[PDB]
Structures are given as C-alpha cells and as structure tokens.
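Read the structure below first, then the notes.
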Amino acid sequence: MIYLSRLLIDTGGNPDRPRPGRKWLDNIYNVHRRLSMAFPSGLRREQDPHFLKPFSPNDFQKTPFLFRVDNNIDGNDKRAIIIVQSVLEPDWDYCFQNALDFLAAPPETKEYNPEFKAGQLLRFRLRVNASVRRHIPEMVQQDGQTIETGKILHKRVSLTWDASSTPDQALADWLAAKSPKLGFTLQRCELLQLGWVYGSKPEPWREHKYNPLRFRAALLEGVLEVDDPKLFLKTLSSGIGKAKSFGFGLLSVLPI
Amino acid sequence: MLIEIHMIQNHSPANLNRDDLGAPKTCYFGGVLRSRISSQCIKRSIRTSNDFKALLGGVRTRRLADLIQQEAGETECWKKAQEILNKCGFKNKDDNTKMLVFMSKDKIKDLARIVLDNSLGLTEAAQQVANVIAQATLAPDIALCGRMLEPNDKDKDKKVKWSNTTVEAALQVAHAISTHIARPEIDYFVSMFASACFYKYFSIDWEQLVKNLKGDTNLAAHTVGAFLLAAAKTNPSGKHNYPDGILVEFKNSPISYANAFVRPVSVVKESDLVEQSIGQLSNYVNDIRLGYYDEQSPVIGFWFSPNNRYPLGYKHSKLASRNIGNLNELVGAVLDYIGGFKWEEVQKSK
Amino acid sequence: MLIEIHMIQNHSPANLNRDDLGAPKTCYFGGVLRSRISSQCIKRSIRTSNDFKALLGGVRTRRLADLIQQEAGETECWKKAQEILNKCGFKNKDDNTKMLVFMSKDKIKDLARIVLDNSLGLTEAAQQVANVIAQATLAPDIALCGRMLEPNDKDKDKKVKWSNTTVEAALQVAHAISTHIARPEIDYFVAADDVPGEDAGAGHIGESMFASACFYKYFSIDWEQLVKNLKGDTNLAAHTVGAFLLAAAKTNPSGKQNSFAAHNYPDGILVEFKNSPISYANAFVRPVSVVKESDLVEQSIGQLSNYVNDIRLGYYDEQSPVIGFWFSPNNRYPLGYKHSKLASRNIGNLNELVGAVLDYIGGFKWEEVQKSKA
Amino acid sequence: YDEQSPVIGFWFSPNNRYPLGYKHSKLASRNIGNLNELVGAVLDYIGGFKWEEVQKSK
C-alpha cells in the first residue's frame, strides 16, 4: 500500500515571466527541503493548521523519503514530472497552499500496490550516482605548478573507464555487477542520461556559504528480470545506490 | 557559391541533446511539438569527431595562462602571463580568465615567447599580446564557427589598443527538427526506443570560408569534405547509424526545406516513418524547384542514400542530377564541382 | 493606384528580431500574443539584399567627412569639412556628428568640390553644401523612405539659409505578425572550455530565446507618390517596384541566422492594386488553431481567403474595380479552396508574377526595366 | 423607447461576416452587406436622395 503520486511542473511558457519553479528544480536542496516539509509533524497541524509560521526541522519528523525528477509527457506540451514515495501519509493541499505558481496543474494521487513474483519480467528506471571510493593524491593551489604531499585523500571519485571502452557497456557492466548483490539479474540495459548534477547547501551571528554539490548521475531504463520476489520489497522506498535522500532510489514498478 | 546539405537521419533518444532539466530539447514547429537538436550541439559534435580531428585548429579557452605554461618549462611564467592578460583586458577572477578567448594552435607558442621575454615592459607586452590574439585566425574551425572576441575596458590600460577581433561565421546550421511529433515517453503514473527522424540543414559559404582562411583553398576544400564526412558520421554525446538521405546542392541564395514538415508525418507504422518523410521532402523540393527556381542560375544537386535505398526523384522528376550510394563518393562528387579538389590529395593540409 | 503585397510565410524556429534583453519581438494583437518582425528590419533586409543592390543609392551616415576624404583623393579635407558641417547645422561632440544625414545619393563629389574649394570662405561654402544636401531627391530608397533632418539652431550662424528636406515617402510597411499564439522557447547553451580543467568545465552558462511562427507581411507602395518622389523616370519606378517585390519575396532578417538558419520562403503572395489601402490583419484576429487533418499554413491561407472574400463583397464599389494575383509555390495551397475564385489569376512562379505586376503598372517588362540602375 | 418614434437602424458587416448578435433578431431594420447600399439606404431614409444627383451638388 505504497504512496505514489505526481507533482507537475511547467518548465515552459513565456520566458519573460519569472518562473519560481524553474529555479526550484535547478538545485537539489530546494526540492529536497520542499518535499521533506511535505510530511509535517502532527502537532504542528494542531498548533498552526494554516502553514503560517517560521518552520524548524527539529519540530519536523524524519523519514527516509525519496523522489524522482523526470519530464516530457508529450502531446504538444513540454512538462516536468516529480514522482515521490515514502512511508507515511503525505499532504499536498498543506504543502503547496501558497505555491500555486510552482505547479502547472493540480497534483493528483491514487492508491497503488506493488506485487512481485519469482522469475518474472519487469520494466524499470533507476538513477544512481556514479560513485567509486578511492584514495587520491591531493592536488591543491595549482599556482603555475603542481604541489602534492604524501597524504592520500579519501573521497568518492566519479566512475571512469578505459580508453578502449565506451560508456554504454561500462555502465551495463556496473549494473550487471551490482545486480546479484541486490537481488536481481538483467540481460541488457540502456544508458540515456550520463551527466553532471549541481547543487548547493546552506548550513548554520553566522553567515551563509555556497559550495558546489557534485553528483555523477546515471539514469537508465528498460526491461528488468528478477531472481526472487523477496529481495525487492526491502528495496522500494529505501534506495539502491548513493544520494538516497536526494532522490536516487525509486524502483519503477511497471511489470510489462 | 553556397553549399547546402539537407540530410534525413535516424537518431535514438539515448544519444541526443538535453536542457538544464534533463529534458530532450523540443521546439514548437508548425503548431506541433518536435524533438530538437541544437545547432551548437551539432557544431561541437562535428568539431570533436574523429573525421574533423585533423582540422581542429582552434581552441576556446578561459584559462590561457595554463596554455602559456605548457611549453616553456620554466616555472616562473604563469603570474607574469596573468598580469599581461589582466592588462590586456581579461579579468583575473580565478586561474582562468573571465572572458572566453578563441585562439589557434600556432600563436600559443608566440604568446609564450612574448611572456617569457623580459626585455620589455608590461604595456608593450600587452600590445604585442593583443597583436597576437587579434590575428589568430588561420584555423578552419575559426573559419567555420566564427569568432567574437572582445575585451573589458574598465580594467584595461589606456595605451594598449585592439584590432578587429571579429571573424564572421561561414557555417549556418539550422536546429534539427523531428519531422513527426515527438514520441511521448511511457508515462509511469499508471533496441529499446525507436529512433526519431531528424532533418538537418547545413549551409556553408565558400567565399566566407576562403576570406576567413586568408585565401587558402585546398585547406578549405579539406574542411568542407571533412565537415560532410563528420556530419554523416557522428552522434552527439555518448556512443554506425548512417543518415537515411543526403541532398547536396549549390546555389547563391539560402533555402530551407523545413516547411516540408509543417504537416507532421503522423505514421502509426514505425517502419514507414522514414521513406514517407523522404517523399514529403521531394514534394516540397519540387514546389521550391518550380515556384522559385526558374531562370537566372539553375541549381544542380546530388542525392545520396545507403546503397541508393531511398530515392528522391519520384521516379520521373530529375530534380537531383545523380543519385549515388557511397558517402566518400558523395564527398568526391561535391568536391570536384567547386573545381579540381581531389579528396585523396586534400588531406595533406593541416 | 496603390500596389499592395500580402504575404504568408512560415519560418523555422529562429530569433529574427530581438530586443535589448534578447527576447524576440512580441505584440499583443486580438487580445493574444503574436510574434512580431519589425518593419524597419524588413526594410533593411530589402535594402541590403542581392536583388535590391542596384538601387541602393541611399546612405545613412554620421561619418560624412570620412566619405568626403575617401573620394576627395590624397588631399586632407577632414578639418575644413568638419568646420563647414559644424556651421551648416550638424554639431560635432566627438569624431561623429550627432545628426544622421540622409543626403544619401552619390553626389558626394559635389560636396567634395565645395569642401576643397580654396576660393570661398566657410559661410558661403556651408550654404553651397546645404543647398546640395537639400536636393538629394533621388535614388529609389529615398523615394521609398524619405528624409527628416532639420539642421541645428543652437549652432549654424544665421548668414546661411536652408531649403526643404522632407521627401514624403511612398512606402508603408506594417509590422509582420504571426497568425497564431506566440510560442517562445528557452535554449540552453554552454561554451565547453576545450582544455582540461579541475571542474567539469563550461566557460559560459546562459539562456537564449527563440520562436517559430507563420507571419503575415503587408507592404503598400503608393505608385503616384513614388513616381513624384523620383521626379519622373517611370522606368526607375517600375524597377523599384519589381526589385521590392522580388527582394521581399526572397530575403529574411539576418538576426541570429548563423545559429538559427531559417531561410524559409513564403507560401502565399496576394498582390492587389486599388486606390485605397486595405490591411487584412483582421483576418487573423482569432488565432489559427491546428486541426488534425491539416497544417497551420493551409489554415492561415483559408482564413485569409474568407476575410478577403468578405472584404471584397462588403466594400464593393462599381467605379473602383479590385483585382488580385495569387501566387503559391507550384500552386501548393490554393486560396479559394472552399467555393470562390478570389484572385483574377493564380500564378505558379515569381517571375511571371512580377511580369504581370509590371504589365498592370504600365505594361512594362522585366527586361528593359533593368537599364535604369541610377 | 418602443413607441412613437421607432428609431430606424441599419447594420452593415462586410458580406455579413459578423451578425449583430446571435440572439433574437430584428434589432436592425436591415442587415446590409455592402457599404454603398448602406449609403443608399441612409440617403433614402433622409428623404429619397439617390446617390447620383447629390454628387452634382458640389
């Protein structure tokens, strides 16, 4: 009995009109915060039922929520799509009661229920950031000449491939390697979005700071096969990759 | 004269352009929505392809001081070059400048030579550097894509002057438009994807290419042949997927056959999308042949298909002079109409 | 008798005319937003065209003294010409006079003779320059687009008089408008720094604006005023009319056309001759909506046919006959698709359309009209 | 006013492109589809002046 709905964003029309939704999607933390507030704590509704106070996340409750940023249902209208799921009841009249300019159509929600079998075909779209934890030589200053010390910095490098390998079967081999651990097996998958995803974060007289959030996103699509139905119920609403809370874990439950 | 190439190609949506939101680019043409490939996407995809890699004589750099520190070897010519570039006009926000410099791969050595020389002051160094990066034009990529380089004046010395830092383009590439209405993705609110039929229109001015290349002729012929080969043998980002049909004509005025697809080619059968589009093109071409092209200078054209699979003459109209089936033969057939221009002897020029 | 050109032309996605902020020119017509192409841009594209290059005897200059130096020879005449133009009524605050002089015609040699004449002082030389600027009076683009200049009276010492300058142009161009809702789109462009860097690398991030539209263009040439402005020379008048028709039929504004190459040609040309000017933009008060089994161009031509038939039937005077020539590319879209033969003739090619226009004008042909280059 | 003076009106549209209201008719005594006929009807109601011999007045 999972909670699947649709938020609908314009991303089009007259360029002269300032569209706050367009800058709302052009950052991770904005959509993250707005969908995180979309499950408010119950005592706030009893206290302020009108969404008319300076909020605080300590008053809010915390759940491993997750979304999906897509676009382009055609038919002579370019439009952008937000697909959200989590485990608690969301509210959309509470969330966007002052943000009617954010959307291009009123949101809609129905009841959806997923079922899985053994050795059954599926169709899926996932998004996982290309993340490989590596020891790197540090490279700072860069004032005319390179300067390094013996310290090896620890971070997650974006995925790279050898010069005799195209990106396509490299990410196919990544998905093939990650399949038997998570609980499925595929025969082929198609790469259709490899790119860079940028964002920024504020944090606590104090100031505010801007740092470029960095994620090597990978959105794929097409034809899934399963090995056991019991290895998929714990995958939905939790995520399979990294940047889990940032909207990188929705299992597209479309059996066809 | 003006060379115009109209090609019909099949492009899968996994190998296309995107906007800031990850959406494939779309445009409203004829009142209906079409999939769009931007002109700059095709321009850079042709630029960075394997076929055009021998003529990639241009660079577009915000970090020119790094290119200064690539051949001298001595460590202490990076700050001097930075102050020289600041005195020329390009701001120093980071290690890169604030403006984009369109340069060629033979004056970088001269720039390093001027920077490492210590017999002159900063102002004369800036003047010599401006004389260097205002005539850095002898590059086929510079000739095709054009150039508009321009400095900042509030943070520039009053004595250093700038020459004509503007090279007008010779390549007019239209935005590629899907003939059909763009196929909607499977709405998930309930080998893999069919490739879209794209119409591409490239216009090259021979005269503008030869004054942009300072009168050098065989380099321009090699540029045109390599551009045609790269246009028919590329896929923007990622990745044979040959084009379905190429019409090359040579006239003195530009003409766009995009209005062939004002009416969408709405075909339910997926295999009939391509040849019907070719038929539609022929219809419009015939109209443009008759309603606009009479007397003065008749236009000749060459048609190409993969082993002559899809003809465009409607089996009786001779609107294309010859239908050939080899892409290299098409390059040879469009090279020798401009005069001589053997393709086998043109590759020995940069 | 008034010559009227109406054109329906569908353009590919482009940005032909832009504002200071890069937005394409819009207009609010019929209560809805339409794509607008300015009449000045069409007039320049006609004037700076291949066919209308033999009649470009009109220059608009602030750098007049440098043309005087250019055709004056090796003699230095910039200072004396600058002083003469200063006391003539053209102030100079920099190396450019703040007065756009449409003296236009190629009798710069006469101004050269007055400037280098070392026999008369500055005052009567200024008078002899002033009476030769006022008698421009010629070249087809001044007959099409007149003059306005009125010297300067905070300067120009009162020993020098001035004559008439206004030419009272005979060409009226409406701003080209789209027949449907304007659909403006955002395009994303990056610079893509070539050399490797520490970051992902893009030298420039920004937005561009474009649109695609089906434009209706309206041109009106007052034949009698255009003959009077040329001071006779009816052959030059016919060459002007034919060159205008051909150039407007095949030319487009050059704005952003290197990356948005949309050199599309018109699909409908209605040429009508009558004593009173009529604009059919009221045909497209309601926007053209796409129907599944037809195209936008055919619908626009149908709406034009309906409104033109209604206008001719509702404003019919027996003493003023109204005719029409309808041209489509190889008769692609007939005008009277429903019931009527609105035009006197449907014509498949541009050349005999021009020939028939000249046949109505005076019976002249396109061949012998070429001689009056001027 | 609905009696005494009845207010005679004429409605002209180009080839009757726009009817004067799609509701109940007889708002205008004559829906004329031509301008010269409207001039003739106006001059006829003014007292029977044909358009031809009023032109000879000046």
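Protein chains in written order, with the deposited numbering: chain D, 1 to 204, 217 to 268; chain K, 1 to 190, 208 to 256, 263 to 373; chain J, 1 to 374; chain I, 316 to 373.
Don't be surprised by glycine CBs; every beta carbon is placed ideally from N, CA and C.
Query                                                                                                                         : Result
Cβ pair count under 8 Å reaching 3, the segment 184–201 of chain J against the segment 53–63 of chain K                       : yes
Every unbroken alpha helix (DSSP H) within the segment 69–137 of chain K, with a cutoff of 4 residues, ordered by chain       : 79–88, 108–116 and 122–132
Min CB distance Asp240 (chain D) to chain K below 8 Å                                                                         : no
Length of the line joining the Cα atoms of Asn71 (chain D) and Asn306 (chain J)                                               : 41 Å
Within chain D, partners of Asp20 (chain K) - CB distance below 7 Å                                                           : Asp26
Same chain, Cβ closer than 7 Å to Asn235 (chain K), neighbours up to 5 away in sequence not counted                           : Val369 and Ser372
Helix, strand or coil at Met37 (chain D) according to DSSP, with G and I counted as helix                                     : helix
Beta-bridge pairing of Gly324 (chain K) - partner residues as DSSP gives them                                                 : K:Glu272
Simplified DSSP state of residue 262 (chain K), which is helix, strand or coil                                                : Note on chain K: numbering goes from 256 to 263 directly, and residue 262 (chain K) within that interval has no coordinates.
Cα-Cα separation, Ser179 (chain D) to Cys189 (chain D)                                                                        : 12 Å
Stretch-stretch touch, CB-based, cutoff 8 Å, three pairs: the segment 269–289 of chain K with the segment 319–332 of chain K  : yes
Inside the segment 195–280 of chain J only - beta strand (DSSP E) runs reaching at least 3 residues                           : 205–211, 214–222 and 268–274
Contact set between the segment 190–214 of chain J and chain K, restricted to residues whose Cβ is under 7 Å from the partner : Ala191, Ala192, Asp193, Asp194, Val195, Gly197, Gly203, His204 and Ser212
Whole-angstrom distance between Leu236 (chain D) and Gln187 (chain D), CA atom to CA atom                                     : 8 Å
Neighbouring residues, chain K, relative to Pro167 (chain D) (Cβ below 7 Å)                                                   : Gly255
Contact residues within the segment 46–65 of chain J, judged by C-beta distance below 8 Å to chain K                          : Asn50
Reference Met148 (chain J), options J:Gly201, J:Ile133, J:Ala65 and J:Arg183, closest by Cα                                   : J:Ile133
Cutoff 8 Å: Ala243 (chain J) Cβ touching any chain K Cβ                                                                       : no
The segment 31–48 of chain K in contact with the segment 171–189 of chain K per 3-pair CB rule at 8 Å                         : yes
Beta-carbon separation (whole angstroms), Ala229 (chain D) vs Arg127 (chain D), contact threshold 8 Å                         : 6 Å
CB contact check: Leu313 (chain J) to chain I, cutoff 8 Å                                                                     : yes
Three-state class that DSSP yields for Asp187 (chain J) in the structure shown                                                : strand
Chain K within 8 Å of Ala80 (chain D), Cβ atoms only                                                                          : yes
Inter-residue spacing [alpha-carbon to alpha-carbon] between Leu192 (chain D) and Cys27 (chain K)                             : 20 Å
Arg286 (chain J) to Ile8 (chain J) span [Cα, whole Å]                                                                         : 16 Å
Inter-residue CB distance, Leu66 (chain D) and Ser264 (chain D) (contact presumed, cutoff 8 Å)                                : Between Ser264 (chain D) and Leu66 (chain D) the Cβ distance is about 13 Å, and since that is not below 8 Å, they are no contact.
Validate contact between the segment 15–24 of chain J and the segment 329–342 of chain J using beta carbons, cut 8 Å, 3 pairs : no
Where the beta strand (DSSP E) through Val132 (chain D) begins and ends                                                       : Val132 to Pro137
Presumed contact (8 Å Cβ cut-off) between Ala374 (chain J) and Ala139 (chain J), rounded CB distance                          : 6 Å
Inter-residue spacing [alpha-carbon to alpha-carbon] between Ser254 (chain K) and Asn50 (chain K)                             : 13 Å
The segment 95–104 of chain J in contact with the segment 118–128 of chain J per 3-pair CB rule at 8 Å                        : no
Residue range of the unbroken alpha helix (DSSP H) whose run includes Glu115 (chain D)                                        : Where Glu115 (chain D) is concerned, there is no enclosing alpha helix (DSSP H), given that its DSSP letter is neither H nor E.
Contiguous alpha helix (DSSP H) assignments of at least 4 residues, all confined to the segment 167–203 of chain D            : 167–182
Any 3 or more C-beta pairs closer than 8 Å across the segment 16–32 of chain D and the segment 97–114 of chain D              : yes
Same chain, Cβ closer than 7 Å to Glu293 (chain K), neighbours up to 5 away in sequence not counted                           : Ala211
Secondary structure of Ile142 (chain J), DSSP reduced to three states                                                         : helix
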